[PDB]
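Peer 1: Here is my input, please return the structure:
(3 chains)
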Amino acid sequence: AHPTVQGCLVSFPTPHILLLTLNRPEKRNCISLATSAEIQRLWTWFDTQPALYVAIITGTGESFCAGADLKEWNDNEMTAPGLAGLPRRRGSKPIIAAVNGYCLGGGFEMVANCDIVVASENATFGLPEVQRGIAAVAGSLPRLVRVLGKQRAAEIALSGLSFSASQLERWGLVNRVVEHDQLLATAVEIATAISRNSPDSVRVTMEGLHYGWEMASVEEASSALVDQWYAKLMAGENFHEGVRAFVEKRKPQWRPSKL
Amino acid sequence: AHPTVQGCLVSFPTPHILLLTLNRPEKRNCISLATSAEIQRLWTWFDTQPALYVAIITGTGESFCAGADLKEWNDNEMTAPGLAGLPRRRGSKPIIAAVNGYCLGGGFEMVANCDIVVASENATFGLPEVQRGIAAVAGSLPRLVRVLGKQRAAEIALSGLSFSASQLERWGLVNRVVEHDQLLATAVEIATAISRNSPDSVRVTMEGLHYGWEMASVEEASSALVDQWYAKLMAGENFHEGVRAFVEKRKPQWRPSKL
Amino acid sequence: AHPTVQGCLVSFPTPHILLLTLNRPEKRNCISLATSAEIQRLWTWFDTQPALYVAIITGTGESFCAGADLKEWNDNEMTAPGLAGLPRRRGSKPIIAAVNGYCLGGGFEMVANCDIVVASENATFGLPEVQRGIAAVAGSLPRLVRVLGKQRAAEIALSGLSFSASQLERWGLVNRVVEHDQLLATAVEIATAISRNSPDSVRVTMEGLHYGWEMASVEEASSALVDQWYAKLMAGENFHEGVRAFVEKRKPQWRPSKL
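Peer 2: Numbering: from 1, shown residues only, chains lettered A, B, ... in the order given. Shown next is the protein structure:
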């Protein structure tokens, strides 16, 4: 029993990993308002389901996602978490984008806020909003400034042109570029590594990484993580299992998080 | 009818693009207080002139700009927007630096806050202030921390040594390195791409990119762009021309912005 | 007469440069609570000693530092400046890390906040905390987000795996990768370049670089540096020696800073 998503597939590479496959490549994997809402409900489930540790989003064919359904938008409030629940997500658990092709407009605004990004060599990225008389207002602009630097975010967003996977790796957004055949396996390998770690440790690490984008100073972010999360982490059954496993020189057996 | 700049040339690669050429290479394109003020007035004109969409700054000979005239400084308040109106500029429209040679001291502080940076292979960058008993206080230090990262900004600013175009591209400031023959054409190509987009879209994108450097959190920056600019963008004649062009499957005909 | 550090060596490559050598490679250069406190007192001395301009930290054997002594931690408040006084240091004078091998857990949290980082080709970096049921809470997470970008900080911190020197150079933390034979000489060369500059200029530059990590906006950081430090820098005997040396066309003779 899992939520379903119209025009998409929901599957489980392992019992601890959720995969969303965007499955309307015939429409360049553009996302309707109804699909967007159903994807937001899947992430609500994911975040709340204690046994799920990591999620992946990917596309099909030559498209990752070309953004919102423009036929529908032509016939529209901009809020958090935004299109498919990603551009302005503040996640409790990490989501990996596996970008297999065109990643344009709202689709690129989705990826700019994913936790880890891997891309096939054929993937391309762009914000063509400026060419059509609108703008990328889903939340990517300040995020791209902080990942790519101002001048690279400016070249992408002001020009509206398409840029390669290799360019977005040199510029800081894409963690790894791999051959298309290896894309999903690479995302699953990274997800599997994360899924083997303590679920409490992964929750607290996500909080610490978020504070880096939320607070004016690195010291306020440092104090906040200790003050809000350190006692709770050390109180958990998982931390005590970690210490029993060290002292006993054996592998730790983790339980799902309540944090 | 355009403003003039002593020791510089003002020209128009297209009717929508302004080029400033620093034209005192015999003095390493150092900028006097009077020249600095005249360049600030040219950018005031540029920002206010609705038909101008993008600007470029470049030098001549083997110098882009070696900073302030040191003979004059030896015989001096530090404020926004600073030397030649660039180090602490908060621009409505983008300025591209085309760095053709020595980019030192105040000249590097200018470039650190330009929107896009392209450089010839022979260009070099440095902040020699620390070698002379002063410091780079025109506004580059926090900006370089945010583009290069702390440790690379530290190596440049603490050492006062010169670094290559190729180094400043690997480190994030320079968008592209090209052969000297191709430098101006490359800047003009990028400017032309931006100049073809909706002038309203480019204004709103500039605002969104700025908020990335102005607000503590990416969410405050995301909310601010929607709250301040989204209604105004969708009210504009340009947005309606964008939608008529989509529905009619033809090229949009843009008008200058009032935003 | 200098402070001593148990399990470490304190030496002076030049009269203006302090070197700390972590000297317990037999325990992977893990740092006990008592050693951590003694290193904090050495940096207090360093910061206060007017004749010392730059410091270096390095390890021995195949280890830079594998973090806290885990035998001792198993038998623990997290505050600034943290392990060996580095993860949450706000330094008056720069510290260079020369990473010669394993740089793990607290050892990586140390390096993430050093001013300049050089590494040998064999060096490796990781935060294995998540694999043991704890988390990297010494202050590195928000700092790594700001140096590497969110998605690269996420891959390192969420996975807990080891990453090469070459990877951490491509990603922005490591200034230079060199052969192991050349590591200390490379750190000393950079320190020597900084040590030749005005000690007042280096103090003010450090402040300006810090404000980049401390204030919400680049303009607040720009104003703060001018308002707090510009008058003091121009009042100093070193600034006047800089101007006498320019006018007289000779080399400046610097004095230690009181700033």
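Peer 1: For residue A:202, I want the exact helix or strand it lies within.
Peer 2: helix A:199-211 (DSSP states H and E).
Peer 1: So is that helix next to chain B?
Peer 2: No. Contact between helix A:199-211 and chain B is absent, the nearest approach being 9.7 Å (criterion: CB under 8 Å from any CB of the partner chain). Where you see a C-beta, it was placed from the backbone N, CA and C, and this is true even at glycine.
Peer 1: The helix or strand containing residue A:190 to helix A:199-211, inter-axis angle?
Peer 2: Here residue A:190, judged by DSSP H and E, is contained in helix A:183-195. Inter-element angle recorded for helix A:183-195 and helix A:199-211: 110 degrees (by axes from the mean of the first three to the mean of the last three CA atoms, to 10 degrees).
Peer 1: Just the C-alphas of helix A:183-195, formatted as CSV.
Peer 2: Extracted C-alpha coordinates of helix A:183-195, given in CSV (Å, rounded to 0.1, in the frame of the first residue of the first chain):
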residue,chain,number,x,y,z
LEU,A,183,22.2,6.6,-14.5
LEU,A,184,19.6,4.8,-12.3
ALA,A,185,22.1,2.3,-10.9
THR,A,186,24.4,5.2,-9.9
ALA,A,187,21.5,7.0,-8.1
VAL,A,188,20.5,3.7,-6.4
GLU,A,189,24.2,3.1,-5.2
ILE,A,190,24.3,6.5,-3.6
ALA,A,191,20.8,6.0,-2.0
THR,A,192,21.8,2.6,-0.8
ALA,A,193,25.0,4.0,0.9
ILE,A,194,22.8,6.6,2.7
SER,A,195,20.1,4.0,3.6
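Peer 1: Run the chain-centre distance for that helix.
Peer 2: Put simply, helix A:183-195 sits 13 Å off its chain's centre (CA atoms, centre = their mean, to the nearest Å).
Peer 1: do stretch A:127-134 as well
Peer 2: 24 Å.
Peer 1: what about it, how long is it end to end?
Peer 2: 10 Å (CA to CA, to the nearest Å).
Peer 1: how about the strands in chain A?
Peer 2: Using DSSP state E, the strands found in chain A span residues A:8-14, A:17-22, A:54-58, A:63-65, A:95-99, A:102-104, A:116-120, A:124-126, A:163-164, A:176-178.
Peer 1: is it possible to export those strands to JSON lines including distance to residue C:130?
Peer 2: Formatted as JSON lines, these follow (distance: least, CB to CB, whole Å):
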{"stretch": "strand A:8-14", "distance to residue C:130": "17"}
{"stretch": "strand A:17-22", "distance to residue C:130": "16"}
{"stretch": "strand A:54-58", "distance to residue C:130": "12"}
{"stretch": "strand A:63-65", "distance to residue C:130": "28"}
{"stretch": "strand A:95-99", "distance to residue C:130": "16"}
{"stretch": "strand A:102-104", "distance to residue C:130": "28"}
{"stretch": "strand A:116-120", "distance to residue C:130": "14"}
{"stretch": "strand A:124-126", "distance to residue C:130": "29"}
{"stretch": "strand A:163-164", "distance to residue C:130": "32"}
{"stretch": "strand A:176-178", "distance to residue C:130": "19"}
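Peer 1: Quick one: closest of those strands to chain C.
Peer 2: strand A:116-120 (5.2 Å; CB to the nearest CB).
Peer 1: hmm, stretch A:122-139 touching chain B?
Peer 2: Yes. Stretch A:122-139 lies within reach of chain B by CB under 8 Å from any CB, at A:129-137, A:139.
Peer 1: Could you single out the nearest of those to chain B?
Peer 2: residue A:133 (2.5 Å).
Peer 1: Just to check, that closest one is in contact with residue B:238?
Peer 2: Yes. Contact criterion CB atoms under 8 Å: residue A:133 and residue B:238 qualify, at 5.1 Å.
Peer 1: OK, contacts around the residue most central in space within chain A?
Peer 2: Residue closest to the average C-alpha location in chain A (CA atoms, centre = their mean): residue A:114, at 2.4 Å. Neighbouring residues of residue A:114 by CB atoms under 8 Å, 6 or more residues apart in numbering or on different chains: A:57, A:86, A:95-97, C:151.
Peer 1: For the residues you listed, which single residue is the most surrounded?
Peer 2: residue A:97 (30 neighbours; other CB atoms under 10 Å in any protein chain shown).
Peer 1: Following the record's annotation, map out the domains of chain A.
Peer 2: Chain A breaks down by curated CATH domains into domains covering A:1-197, A:198-259.
Peer 1: Just send those back as a markdown table, with distance to residue C:64 too.
Peer 2: Shown next, in a markdown table, are the domains of chain A (distance: least, CB to CB, whole Å):
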| stretch | distance to residue C:64 |
| --- | --- |
| domain A:1-197 | 23 |
| domain A:198-259 | 22 |
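Peer 1: Tell me which of those sits most buried.
Peer 2: Mean neighbour count, computed with mean count of other CB atoms under 10 Å in any protein chain shown, is highest for domain A:1-197 among these, reaching a mean of 21.
Peer 1: quick one, helices of the stretch 1-150 of chain A?
Peer 2: Using DSSP state H, counting those that start in this stretch, the helices of the stretch 1-150 of chain A run over residues A:33-48, A:70-74, A:106-112, A:129-132, A:140-148, A:150-159.
Peer 1: picking up where we left off before, give me the common contacts of residue A:133 and residue B:238.
Peer 2: In contact with both residue A:133 and residue B:238: B:198, B:200-201, B:252, B:254, using CB under 8 Å, 6+ apart.
Peer 1: got a list of what residue A:160 touches?
Peer 2: Residue A:160 touches A:126-131, B:193, B:197, counting by CB under 8 Å, 6+ apart.
Peer 1: Please tell me how far it sits from residue A:127.
Peer 2: Between residue A:160 and residue A:127 the distance is 6 Å, computed by CB to CB, to the nearest Å.
Peer 1: one step back: may I ask which two of the shared contacts of residue A:133 and residue B:238 are separated the most?
Peer 2: Longest distance between any two of these is 11.4 Å, between B:200 and B:252; criterion CB to CB.
Peer 1: Now for the two: what residues contact both?
Peer 2: Joint contacts of residue B:200 and residue B:252 (CB under 8 Å, 6+ apart) are A:133, B:238.
Peer 1: doesn't residue A:112 make contact with residue A:88?
Peer 2: No. Counting by CB under 8 Å, residue A:88 does not reach residue A:112; the two are 10.3 Å apart.
Peer 1: shared neighbours of those two, anything?
Peer 2: By CB under 8 Å, 6+ apart, the residues touching both residue A:88 and residue A:112 are residue A:139.
Peer 1: No further queries at this time; thank you.
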